[PDB]
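Trainee: Take a look at this one; I'll ask things after.
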Amino acid sequence: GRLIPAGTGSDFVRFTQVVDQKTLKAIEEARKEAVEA
Amino acid sequence: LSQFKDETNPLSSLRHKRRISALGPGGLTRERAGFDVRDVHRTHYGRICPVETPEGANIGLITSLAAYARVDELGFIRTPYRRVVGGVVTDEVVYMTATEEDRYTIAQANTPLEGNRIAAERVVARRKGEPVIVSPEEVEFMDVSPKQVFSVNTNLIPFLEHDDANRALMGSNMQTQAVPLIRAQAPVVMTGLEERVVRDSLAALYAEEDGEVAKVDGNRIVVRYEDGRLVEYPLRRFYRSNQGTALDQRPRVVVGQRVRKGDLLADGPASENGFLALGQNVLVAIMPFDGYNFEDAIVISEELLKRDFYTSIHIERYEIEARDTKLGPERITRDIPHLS
Amino acid sequence: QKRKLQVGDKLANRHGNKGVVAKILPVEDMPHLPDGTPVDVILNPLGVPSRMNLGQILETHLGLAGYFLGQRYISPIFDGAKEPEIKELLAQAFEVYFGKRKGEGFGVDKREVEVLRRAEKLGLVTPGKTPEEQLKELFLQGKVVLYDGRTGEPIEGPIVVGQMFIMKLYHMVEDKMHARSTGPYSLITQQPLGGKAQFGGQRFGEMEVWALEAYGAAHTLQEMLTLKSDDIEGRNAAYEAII
Amino acid sequence: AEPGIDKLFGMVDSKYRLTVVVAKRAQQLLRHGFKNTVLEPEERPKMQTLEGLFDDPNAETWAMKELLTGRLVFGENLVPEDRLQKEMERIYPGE
Amino acid sequence: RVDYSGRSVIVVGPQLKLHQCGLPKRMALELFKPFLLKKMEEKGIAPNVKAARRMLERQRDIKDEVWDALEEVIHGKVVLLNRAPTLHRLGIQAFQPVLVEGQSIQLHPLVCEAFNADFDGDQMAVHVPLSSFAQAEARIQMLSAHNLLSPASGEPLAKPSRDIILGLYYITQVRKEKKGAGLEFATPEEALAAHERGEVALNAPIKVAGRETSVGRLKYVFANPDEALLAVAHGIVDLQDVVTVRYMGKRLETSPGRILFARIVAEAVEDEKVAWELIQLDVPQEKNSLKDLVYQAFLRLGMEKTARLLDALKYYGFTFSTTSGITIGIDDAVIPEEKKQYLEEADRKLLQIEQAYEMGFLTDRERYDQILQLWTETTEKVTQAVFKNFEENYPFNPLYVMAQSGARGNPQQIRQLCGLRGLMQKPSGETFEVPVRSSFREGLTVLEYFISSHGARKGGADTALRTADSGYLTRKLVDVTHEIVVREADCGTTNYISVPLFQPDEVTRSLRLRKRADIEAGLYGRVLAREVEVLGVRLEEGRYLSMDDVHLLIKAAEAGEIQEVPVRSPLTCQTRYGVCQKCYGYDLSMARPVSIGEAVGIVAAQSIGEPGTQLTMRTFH
Amino acid sequence: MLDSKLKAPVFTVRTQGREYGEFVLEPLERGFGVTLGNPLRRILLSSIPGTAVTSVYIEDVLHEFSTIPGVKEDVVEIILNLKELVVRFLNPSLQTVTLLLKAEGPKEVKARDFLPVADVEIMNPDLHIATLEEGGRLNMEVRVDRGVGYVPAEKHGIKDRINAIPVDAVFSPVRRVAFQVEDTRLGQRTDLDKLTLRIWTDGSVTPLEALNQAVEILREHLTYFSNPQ
Amino acid sequence: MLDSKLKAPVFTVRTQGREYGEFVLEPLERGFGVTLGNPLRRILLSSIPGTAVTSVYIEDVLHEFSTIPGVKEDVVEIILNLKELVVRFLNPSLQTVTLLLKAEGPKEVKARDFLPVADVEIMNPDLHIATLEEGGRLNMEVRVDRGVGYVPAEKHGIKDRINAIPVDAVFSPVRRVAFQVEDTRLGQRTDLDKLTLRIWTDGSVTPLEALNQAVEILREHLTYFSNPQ
Ligand SMILES: CO[C@H]1/C=C/O[C@@]2(C)Oc3c(C)c(O)c4c(O)c(c(/C=N/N5CCN(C6CCCC6)CC5)c(O)c4c3C2=O)NC(=O)/C(C)=C\C=C\[C@H](C)[C@H](O)[C@@H](C)[C@@H](O)[C@@H](C)[C@H](OC(C)=O)[C@@H]1C
Ligand SMILES: [Mg+2]
Ligand SMILES: [Mg+2]
Ligand SMILES: [Mg+2]
Ligand SMILES: [Mg+2]
Ligand SMILES: [Mg+2]
Ligand SMILES: [Mg+2]
Ligand SMILES: [Mg+2]
Ligand SMILES: [Mg+2]
Ligand SMILES: [Mg+2]
Ligand SMILES: [Mg+2]
Ligand SMILES: [Mg+2]
Ligand SMILES: [Mg+2]
Ligand SMILES: [Mg+2]
Ligand SMILES: [Mg+2]
Ligand SMILES: [Mg+2]
Ligand SMILES: [Mg+2]
Ligand SMILES: [Mg+2]
Ligand SMILES: [Mg+2]
Ligand SMILES: [Mg+2]
Ligand SMILES: [Mg+2]
Ligand SMILES: [Mg+2]
Ligand SMILES: [Mg+2]
Ligand SMILES: [Mg+2]
Ligand SMILES: [Mg+2]
Ligand SMILES: [Mg+2]
Ligand SMILES: [Mg+2]
Ligand SMILES: [Mg+2]
Ligand SMILES: [Mg+2]
Ligand SMILES: [Mg+2]
Ligand SMILES: [Mg+2]
Ligand SMILES: [Mg+2]
Ligand SMILES: [Mg+2]
Ligand SMILES: [Mg+2]
Ligand SMILES: [Mg+2]
Ligand SMILES: [Mg+2]
Ligand SMILES: [Mg+2]
Ligand SMILES: [Mg+2]
Ligand SMILES: [Mg+2]
Ligand SMILES: [Mg+2]
Ligand SMILES: [Mg+2]
Ligand SMILES: [Mg+2]
Ligand SMILES: [Mg+2]
Ligand SMILES: [Mg+2]
Ligand SMILES: [Mg+2]
Ligand SMILES: [Mg+2]
Ligand SMILES: [Mg+2]
Ligand SMILES: [Mg+2]
Ligand SMILES: [Mg+2]
Ligand SMILES: [Mg+2]
Ligand SMILES: [Mg+2]
Ligand SMILES: [Mg+2]
Ligand SMILES: [Mg+2]
Ligand SMILES: [Mg+2]
Ligand SMILES: [Mg+2]
Ligand SMILES: [Mg+2]
Ligand SMILES: [Mg+2]
Ligand SMILES: [Mg+2]
Ligand SMILES: [Mg+2]
Ligand SMILES: [Mg+2]
Ligand SMILES: [Mg+2]
Ligand SMILES: [Mg+2]
Ligand SMILES: [Mg+2]
Ligand SMILES: [Mg+2]
Ligand SMILES: [Mg+2]
Ligand SMILES: [Mg+2]
Ligand SMILES: [Mg+2]
Ligand SMILES: [Mg+2]
Ligand SMILES: [Mg+2]
Ligand SMILES: [Mg+2]
Ligand SMILES: [Mg+2]
Ligand SMILES: [Mg+2]
Ligand SMILES: [Mg+2]
Ligand SMILES: [Mg+2]
Ligand SMILES: [Mg+2]
Ligand SMILES: [Mg+2]
Ligand SMILES: [Mg+2]
Ligand SMILES: [Mg+2]
Ligand SMILES: [Mg+2]
Ligand SMILES: [Mg+2]
Ligand SMILES: [Mg+2]
Ligand SMILES: [Mg+2]
Ligand SMILES: [Mg+2]
Ligand SMILES: [Mg+2]
Ligand SMILES: [Mg+2]
Ligand SMILES: [Mg+2]
Ligand SMILES: [Mg+2]
Ligand SMILES: [Mg+2]
Ligand SMILES: [Mg+2]
Ligand SMILES: [Mg+2]
Ligand SMILES: [Mg+2]
Ligand SMILES: [Mg+2]
Ligand SMILES: [Mg+2]
Ligand SMILES: [Mg+2]
Ligand SMILES: [Mg+2]
Ligand SMILES: [Mg+2]
Ligand SMILES: [Mg+2]
Ligand SMILES: [Mg+2]
Ligand SMILES: [Mg+2]
Ligand SMILES: [Mg+2]
Ligand SMILES: [Mg+2]
Ligand SMILES: [Mg+2]
Ligand SMILES: [Mg+2]
Ligand SMILES: [Mg+2]
Ligand SMILES: [Mg+2]
Ligand SMILES: [Mg+2]
Ligand SMILES: [Mg+2]
Ligand SMILES: [Mg+2]
Ligand SMILES: [Mg+2]
Ligand SMILES: [Mg+2]
Ligand SMILES: [Mg+2]
Ligand SMILES: [Mg+2]
Ligand SMILES: [Mg+2]
Ligand SMILES: [Mg+2]
Ligand SMILES: [Mg+2]
Ligand SMILES: [Mg+2]
Ligand SMILES: [Mg+2]
Ligand SMILES: [Mg+2]
Ligand SMILES: [Mg+2]
Ligand SMILES: [Mg+2]
Ligand SMILES: [Mg+2]
Ligand SMILES: [Mg+2]
Ligand SMILES: [Mg+2]
Ligand SMILES: [Mg+2]
Ligand SMILES: [Mg+2]
Ligand SMILES: [Mg+2]
Ligand SMILES: [Mg+2]
Ligand SMILES: [Mg+2]
Ligand SMILES: [Mg+2]
Ligand SMILES: [Mg+2]
Ligand SMILES: [Mg+2]
Ligand SMILES: [Mg+2]
Ligand SMILES: [Mg+2]
Ligand SMILES: [Zn+2]
């Protein structure tokens, strides 16, 4: 009753994320913040 | 073997009363064996229809006999064949066993006949399961009828002659699914047995002996025979058929009427005038419309519903029990505990 | 309960043409004959060549005769009516059809003539004969001119029409289109079960599984195997979530 | 059929990839608040009992209507798995 | 058993577009119950769920506001429909529901071919995609209007079925009527005049066999496109009439209907010229020409744009069909005059065979096998006879065009109506000595009928047996083939197979070009293992050969430049469990390469299990 | 006027009773008899209003599927016969008229047996309602209304008396329409359309009346093309 | 007004230029969009009378199948191009106008080359009649009329000059008509007709104008049912 090995359940696509350029600059701002003192 | 009655309409039931099945006792032909049995054997002539069997997994193993087919002494469907001594054809008939049928040279009914005289030199006959062009001098026996070749159910089809045996089966089983309409109608074109079907089935009520009519209720026709007697004939007003189709006898005779022996006093569930009637003759154009009739779709004119044409009465018999639970008897009361 | 005819219903002649009602048209615009009488049902031709029952097309022709000639007939099994005898009654019917038309005051349409033109270019009518004579020929063939009804223009090319008997078929319990959202569940097997009032779920067979397998329908299959039928804790949180 | 399904198919390396993108985008469109879109102003999603589709009818019909434009970005490993859901909650209100 | 399921009778939905399907609101209600409940709460119709529930527990209590809620819940969601035997992946398709009254389920006609569903009581189930994901896939990669081309063959399955062709065909056919006097206008000017007046008279038709231009072309010339049809509307020219017209840059001698068809397509997809390049207006539109049209449009213009053309064809076909007034009649099945001849000629010849036996020349057997040969020949003789009849005398016989058009009809079938069905076999299999002299037009006799009946049963018995053998097979195949799944990077093992374009033995030894079919089967959408320079073009390595390319290689083998073809294939793959992009090829239901992650194993196992139902079934071994 | 306008549709009429009405109109230009006949027909059938039995109350009967003693016909056959009944009221003031009839014993019950009502008339007197034997007691109240088209008994569900039973609504007073366009020869040019349409009617309204209503519906519709947007 | 009358045909329009014009109108009862669209269409094509080249006379040419020296195009190609010509006269006084044009040598002959006529205007100036080489002499007289529908050159047979040749009559500013009846849902009942008809026009008149004229012809015809006889 597990997800099918074949299809959208492909190891090649089971993992794929999406972004808005707005959330793109938001995460890099998180990286900028990493600079200590 | 003993099954629910098939009263979707008199015809349907009647047929279900004259079916011959394979499966059953479990000791005789069961599920395994098939194809040799399932095929329409040569001898099946006048003894079994070759069109009647159920279009489905269980095919050819279940079938109703033919028109003049009769079980003689021991279950051997004999079929009537008339005698033809020399080039002379008789009105005498011999119900022959399957076996004996092969010892003779038998011919078809289509043979131009002058009475007792066969009319063409090279006229068809079939010895033993083999089509043979025989001479008028070899024609020992002749077919009794075209009707005897098939079943009743099938005999009701107009020009069977021009219809593929395959689909003709469909037409024959379709009738078995005919539902009784409050408005019955006999075909504009009939074969000839519609009368005999309703009569031999027990749809319409016929007059025993000659006399006059006394009272014509909606529930009874008390007729007065000339013998000095009168009997009340109840009419199953509205009864529940096993499959939920109405069975009502509608009186067709007025008050004070001299009845001929065996004339319809009332019509059966599906009879118009002592004739079998199902569905209703309707004027029809035979062309394509948009897509409304595309693979096997039908377009219908609203007009057909304006007149109460295809309309039919149903009856489902819901049932409930007051059971005794150890928790307390289930009471049946107008009381419905929670809301309105 | 009264069961008046409706779209879901299935009707079929004695020959085998079986079929369902797909649309109930307003008398307003369905095919209508020259004299205002319109057709009740329109059967597709296509269902006739493949299947092989011309007997129905033979019935419709005798039927047309019986309509105008106001009479029923009895055509035995194989001994019955013959093609010439029917053309004969059709001949008699042309006079009731068109004879009254002559006396009632009018002749032929622009439409009636137009379809004749396309009909002679077809090969149904002997070129050079008068419309009156031509229409008889054409009628004897079993087809008559029909106008749209929606547009009033004719239907290019004669079309046959007539009195065909047709029955209505009994509706089984299955007919009662099932449809179940949530419902009971078997005791030992935890799969959906119906009965009295809850409809009982449909079966997802292997053949169907593969159908989805073929597609990239991963979840959709999972669901069918979990959320929809056996995932005890699944279906529950499923409903609630939806809720 | 559906709007520029070809155009869509073409923007992905695999057919089955397009389907995951759209679905995951539809996911986020609703979870973090439905105004998590990139193309609302002038010509946008619309239904007609009113022009009310502007708020919440079909999730992915949006997802696709955005992916068809070149604003979104779908990668195999674009932005680290857990930090994504955090930054998204911080910036998009509506709950 | 699925929790969000349903099932009802189906009924054709002619206006419906491939995209959607008609679903009984009454059904939708139960189906989408929870989705509706909540939606009730988001509106004033109910305070809460439990409320919304009791609100609908009874039929008479529903406010017409609820439908407006449901109709709103279903906005862009879609459902799946199943058919009785689910034989291939298209046995389940997704569509957008358009809620409708009553009991029946409105199905589109074009997909009645994928599911083997006819309308004599066929009932289809219906399921609901609950997750946003299940819905995503469902409508993205499972909706009808997206899987137009079959997985078995790169041939379309969304083809104008029965009624559409019949319509589309009748509109594009041209007529020919009476040849009496001279047919020569190619040269004299006294020929134009005389045969123009002679046509005005009663002697020359509008469509006469007169090479260059039958007077029907002489009389009418149409400047712009429209001009042509207006004359038609007014009753000047039928649609099937041969006229001359001015198109973009040519004086084209083509019929009204043909010109009209041109537009239909030209309109469906507005790249008018591109509509002309992929269409053949030089012939009556058969299902094949159509089929082709579809395919072409698919590669050329693009998927959705095709969908449009599909419905466009569906629409006009349907309409034009109704107006055409094609009908079945008893006099329309026409029996040839030659039938009597052929019969009698073969009749007397039977007499000879008999005199030849009465004497002792031919053995018991010889007689028999000689008689059958007489009929088998004679029967085939009437068959080409009837056709010739219609072909020459009634080009527009009802019963005819249907068969010609990819519409409906089988040569063998026609023969049974107009010609005659001649030989039926005995119970066992030994065919009968006597034929069935009759046709269905005339009374198939009492017994010739009983004779033909036998063979009917064997057909039926066979059919009932494949309703499960059709599965028998597919099971086996899927048991071995399920694991096979496209998961890859171009597998680096280049071991390849060579496809033969020539066969050695039909007639002992003669090398011959394989049939366009098989070849198409072998190289369609394959990946060239090695580079091949053939007629002038350099097919590079690894390239996916389009049907247009596979059409080049054959034209090249015709010329004599290649006898084999290097191409990747499943038989030579390296991916243990799985097959790769380059080795599978093209055919997803879509015409581009295969997309990684497609369940080929089964797609395959299926395409092979269905047709199996058509193959004969006497004894396994 | 004399030339093109005097050459105007000679509207001629032939009407017997309120059922049949033929209507000729010629000359007309090219293909106009059709242009007019067809719309009018479409209107004459779908558009025009009338009368039909909308509800019935037998006094001892509760459901439609019952049978009354001394009465040969069954409830369902009778309610059917009522649909056959054609009434005609004369003014708007009469929207819903309840006709009453009670007959006993050995008599045949025809439509003339209904007690007369002031503004209403029964065109269908001799229609057959029932055949009463002896001790035949039939007392009913049959509602009647003015509406348009067909309305299934299910759709309206009329409620005069709780034990009453609704009937289907056959509101088109028009029975059938028919039109012919034969050629007419007027001096100069032969091509001419002569439109004559034959109208049949249940009696409620008249062929002429109907026709008039029809043309108006069309007219009213042609005006709906006024305000662009 | 508020209930049944406010629920009235919302007549909406969309017209770009003088050629195309869509016209929507809903709601309509049952099967009315058809009832209306169809007649209007039949009128829009046959009735909205117009103009078309009815006859031509090349001076040296006798038959229609001839070819003129220095003239690339053949008589048949040119008479065809003339059918393409759209003219517009302003008043009834102009029933049959003969336009004249004569051009010589290395010039291209377009419709603007015809000598202007007082009450007549040519909307099709740049249309291409012929290409004259050298020593190219073309002097013609092309007749023009006001009529309705399509009339084959055979049907009229015009006779200005004995060596002239008739041309087919394309009498209409309207190019094509088209109407669709799609369902529309208005609250209670779903069954609803939505009539939208698309009209194309050569420019002479506008879609709207045409439509208006159309409806009137219908109206005018509905009035012809007045005086019985
Ligand atoms: C002895 O009672 C039972 C024994 C079972 O055991 C078992 C093993 O032994 C059997 C026999 C010995 C039989 O002789 C037999 C039949 O003769 C038969 C069918 C089955 N027919 N069905 C198949 C489904 N279709 C449907 C149409 C749409 C698709 C599905 C309709 C016809 C069948 O399976 C049979 C059967 C068995 O299975 N029928 C027909 O010949 C036929 C073609 C039509 C008749 C239809 C009537 C309507 C029907 O008669 C009805 C009144 C009932 O009588 C039956 C249901 C009955 O049930 C009860 C309870 O009484 C059983 C026969
Ligand atoms: Mg993930
Ligand atoms: Mg065994
Ligand atoms: Mg055993
Ligand atoms: Mg059989
Ligand atoms: Mg089976
Ligand atoms: Mg089995
Ligand atoms: Mg015994
Ligand atoms: Mg015999
Ligand atoms: Mg004789
Ligand atoms: Mg002997
Ligand atoms: Mg019968
Ligand atoms: Mg009757
Ligand atoms: Mg008799
Ligand atoms: Mg007594
Ligand atoms: Mg007694
Ligand atoms: Mg009784
Ligand atoms: Mg009871
Ligand atoms: Mg007496
Ligand atoms: Mg008597
Ligand atoms: Mg009635
Ligand atoms: Mg009736
Ligand atoms: Mg019902
Ligand atoms: Mg009659
Ligand atoms: Mg009648
Ligand atoms: Mg009559
Ligand atoms: Mg006669
Ligand atoms: Mg005569
Ligand atoms: Mg059943
Ligand atoms: Mg429950
Ligand atoms: Mg059970
Ligand atoms: Mg129940
Ligand atoms: Mg339930
Ligand atoms: Mg919880
Ligand atoms: Mg926007
Ligand atoms: Mg984007
Ligand atoms: Mg990772
Ligand atoms: Mg938050
Ligand atoms: Mg629809
Ligand atoms: Mg409802
Ligand atoms: Mg419920
Ligand atoms: Mg409440
Ligand atoms: Mg309300
Ligand atoms: Mg069906
Ligand atoms: Mg059935
Ligand atoms: Mg099913
Ligand atoms: Mg000759
Ligand atoms: Mg020759
Ligand atoms: Mg020639
Ligand atoms: Mg030439
Ligand atoms: Mg030559
Ligand atoms: Mg010619
Ligand atoms: Mg040739
Ligand atoms: Mg040339
Ligand atoms: Mg081409
Ligand atoms: Mg071409
Ligand atoms: Mg050709
Ligand atoms: Mg050809
Ligand atoms: Mg149409
Ligand atoms: Mg002859
Ligand atoms: Mg010979
Ligand atoms: Mg032998
Ligand atoms: Mg040949
Ligand atoms: Mg021949
Ligand atoms: Mg030919
Ligand atoms: Mg023919
Ligand atoms: Mg013979
Ligand atoms: Mg016969
Ligand atoms: Mg690899
Ligand atoms: Mg090799
Ligand atoms: Mg080789
Ligand atoms: Mg050879
Ligand atoms: Mg050899
Ligand atoms: Mg050889
Ligand atoms: Mg070959
Ligand atoms: Mg090499
Ligand atoms: Mg090498
Ligand atoms: Mg080379
Ligand atoms: Mg090269
Ligand atoms: Mg390369
Ligand atoms: Mg190739
Ligand atoms: Mg090549
Ligand atoms: Mg070559
Ligand atoms: Mg493939
Ligand atoms: Mg594939
Ligand atoms: Mg075996
Ligand atoms: Mg005058
Ligand atoms: Mg008079
Ligand atoms: Mg009179
Ligand atoms: Mg006039
Ligand atoms: Mg006029
Ligand atoms: Mg006129
Ligand atoms: Mg009506
Ligand atoms: Mg109305
Ligand atoms: Mg009134
Ligand atoms: Mg009382
Ligand atoms: Mg008064
Ligand atoms: Mg008054
Ligand atoms: Mg008054
Ligand atoms: Mg008033
Ligand atoms: Mg009053
Ligand atoms: Mg009152
Ligand atoms: Mg009283
Ligand atoms: Mg009275
Ligand atoms: Mg009084
Ligand atoms: Mg009063
Ligand atoms: Mg009388
Ligand atoms: Mg008494
Ligand atoms: Mg009401
Ligand atoms: Mg009600
Ligand atoms: Mg009450
Ligand atoms: Mg009624
Ligand atoms: Mg009435
Ligand atoms: Mg009528
Ligand atoms: Mg007004
Ligand atoms: Mg006004
Ligand atoms: Mg606007
Ligand atoms: Mg209104
Ligand atoms: Mg706008
Ligand atoms: Mg302007
Ligand atoms: Mg030249
Ligand atoms: Mg010169
Ligand atoms: Mg020239
Ligand atoms: Mg030229
Ligand atoms: Mg030329
Ligand atoms: Mg100028
Ligand atoms: Mg113009
Ligand atoms: Mg639509
Ligand atoms: Mg719209
Ligand atoms: Mg309202
Ligand atoms: Mg209301
Ligand atoms: Mg327009
Ligand atoms: Mg005027
Ligand atoms: Zn590989």
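FYI, nothing fancy with the structure tokens labels: chains A, B, ... in order, residues from 1 per chain, ligands from 1 as they appear.
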What does the Cα RMSD come to when chain G is optimally superposed on chain F over every C-alpha atom in order?
Mentor: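 In short, the RMSD is 1.9 Å.
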Trainee: If we count only C-alpha atoms and set the cut-off at 10 Å, which residues sit around residue 84 (chain D), ignoring sequence neighbours fewer than 2 positions away in its own chain? Please answer as number ranges by chain.
Mentor: A: 17-19, 23-24, 26-27; D: 78-82, 86-89
Trainee: Store the residues of this selection in a file with N, CA and C atoms, as a JSON list (two decimals), in the first residue's frame.
Mentor:
```json
[["chain", "number", "residue", "atom", "x", "y", "z"],
["A", 17, "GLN", "N", 11.52, 21.03, -5.44],
["A", 17, "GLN", "CA", 10.91, 22.14, -4.72],
["A", 17, "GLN", "C", 10.59, 23.30, -5.67],
["A", 18, "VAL", "N", 9.73, 24.23, -5.25],
["A", 18, "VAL", "CA", 9.39, 25.40, -6.09],
["A", 18, "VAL", "C", 9.67, 26.70, -5.35],
["A", 19, "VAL", "N", 9.86, 27.78, -6.11],
["A", 19, "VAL", "CA", 10.17, 29.07, -5.52],
["A", 19, "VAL", "C", 9.58, 30.26, -6.29],
["A", 23, "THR", "N", 10.77, 34.59, -2.33],
["A", 23, "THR", "CA", 11.25, 33.65, -1.33],
["A", 23, "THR", "C", 12.70, 33.27, -1.62],
["A", 24, "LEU", "N", 13.18, 33.65, -2.81],
["A", 24, "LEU", "CA", 14.57, 33.39, -3.23],
["A", 24, "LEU", "C", 15.51, 34.37, -2.54],
["A", 26, "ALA", "N", 14.61, 35.97, 0.12],
["A", 26, "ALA", "CA", 14.32, 35.79, 1.56],
["A", 26, "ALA", "C", 15.25, 34.77, 2.23],
["A", 27, "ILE", "N", 15.61, 33.72, 1.49],
["A", 27, "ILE", "CA", 16.52, 32.68, 1.99],
["A", 27, "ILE", "C", 17.97, 33.13, 1.92],
["D", 78, "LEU", "N", 16.96, 23.13, -4.83],
["D", 78, "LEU", "CA", 17.02, 24.58, -4.96],
["D", 78, "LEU", "C", 17.25, 25.28, -3.61],
["D", 79, "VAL", "N", 16.34, 25.06, -2.67],
["D", 79, "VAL", "CA", 16.47, 25.67, -1.35],
["D", 79, "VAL", "C", 16.33, 24.59, -0.25],
["D", 80, "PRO", "N", 17.32, 24.50, 0.66],
["D", 80, "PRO", "CA", 17.37, 23.55, 1.78],
["D", 80, "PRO", "C", 16.01, 23.31, 2.44],
["D", 81, "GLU", "N", 15.69, 22.02, 2.45],
["D", 81, "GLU", "CA", 14.47, 21.36, 2.91],
["D", 81, "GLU", "C", 13.65, 22.01, 4.07],
["D", 82, "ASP", "N", 14.25, 22.27, 5.23],
["D", 82, "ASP", "CA", 13.49, 22.81, 6.38],
["D", 82, "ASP", "C", 13.46, 24.35, 6.49],
["D", 86, "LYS", "N", 10.03, 27.79, 6.99],
["D", 86, "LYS", "CA", 10.21, 28.84, 8.01],
["D", 86, "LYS", "C", 10.11, 30.25, 7.38],
["D", 87, "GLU", "N", 10.90, 30.49, 6.34],
["D", 87, "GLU", "CA", 10.90, 31.78, 5.65],
["D", 87, "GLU", "C", 9.56, 32.09, 5.03],
["D", 88, "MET", "N", 8.84, 31.06, 4.60],
["D", 88, "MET", "CA", 7.53, 31.23, 3.97],
["D", 88, "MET", "C", 6.45, 31.67, 4.98],
["D", 89, "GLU", "N", 6.48, 31.11, 6.20],
["D", 89, "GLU", "CA", 5.51, 31.47, 7.26],
["D", 89, "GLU", "C", 5.73, 32.90, 7.74]]
```
Trainee: Kindly provide, as an MDAnalysis selection string, the residues of chain B having any atom no farther than 9 Å from an atom of chain E, counting only C-alpha atoms.
Mentor: chainID B and resid 35:36 38:42 45 50:51 55:60 108:110 129:133 146 149 159:166 285:297
Trainee: Using only C-alpha atoms, select each residue of chain D with any atom at most 10 Å away from an atom of chain C, and give the selection as JSON, numbers by chain.
Mentor: {"D": [15, 16, 19]}
Trainee: Using only C-alpha atoms and all ligand atoms, which residues have at least one atom no more than 12 Å from ligand 61? Output them as a list in words.
Mentor: residues 341, 342, 343, 344, 345, 346, 347, 348, 349, 350, 351 and 352 of chain E
Trainee: For the residues selected in the previous step, produce a file with C-alpha atoms as an mmCIF file, in the first residue's frame.
Mentor:
```cif
data_model
loop_
_atom_site.group_PDB
_atom_site.id
_atom_site.type_symbol
_atom_site.label_atom_id
_atom_site.label_comp_id
_atom_site.auth_asym_id
_atom_site.auth_seq_id
_atom_site.Cartn_x
_atom_site.Cartn_y
_atom_site.Cartn_z
ATOM 1 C CA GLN E 341 -26.475 -14.935 -63.764
ATOM 2 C CA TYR E 342 -23.572 -15.849 -61.542
ATOM 3 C CA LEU E 343 -25.955 -18.070 -59.660
ATOM 4 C CA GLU E 344 -27.327 -19.880 -62.663
ATOM 5 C CA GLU E 345 -23.930 -20.141 -64.350
ATOM 6 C CA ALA E 346 -22.491 -21.753 -61.247
ATOM 7 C CA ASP E 347 -25.786 -23.648 -60.961
ATOM 8 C CA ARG E 348 -25.360 -25.501 -64.261
ATOM 9 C CA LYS E 349 -21.703 -26.017 -63.519
ATOM 10 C CA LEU E 350 -22.817 -27.869 -60.434
ATOM 11 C CA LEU E 351 -24.802 -30.108 -62.749
ATOM 12 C CA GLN E 352 -21.603 -31.032 -64.628
#
```
Trainee: One decimal, Å: what's the distance from CA of residue 190 (chain F) over to CA of residue 162 (chain G), could you say?
Mentor: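 Computing it gives 25.8 Å between the two atoms.
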Trainee: As a PyMOL selection string, please: every protein or nucleic acid residue near ligand 72 (cut-off 12 Å, counting only C-alpha atoms and all ligand atoms).
Mentor: chain E and resi 505-513
Trainee: Counting only C-alpha atoms and all ligand atoms, what are the residues, protein, DNA or RNA alike, that approach ligand 131 to within 12 Å? I want them as an NGL selection string.
Mentor: (:E and (64)) or (:F and (155-156)) or (:G and (3-4 or 186-189))
Trainee: Residues of chain C within 8 Å of chain G, counting only C-alpha atoms - could you list those as a PyMOL selection string?
Mentor: chain C and resi 26+28-29+150-151
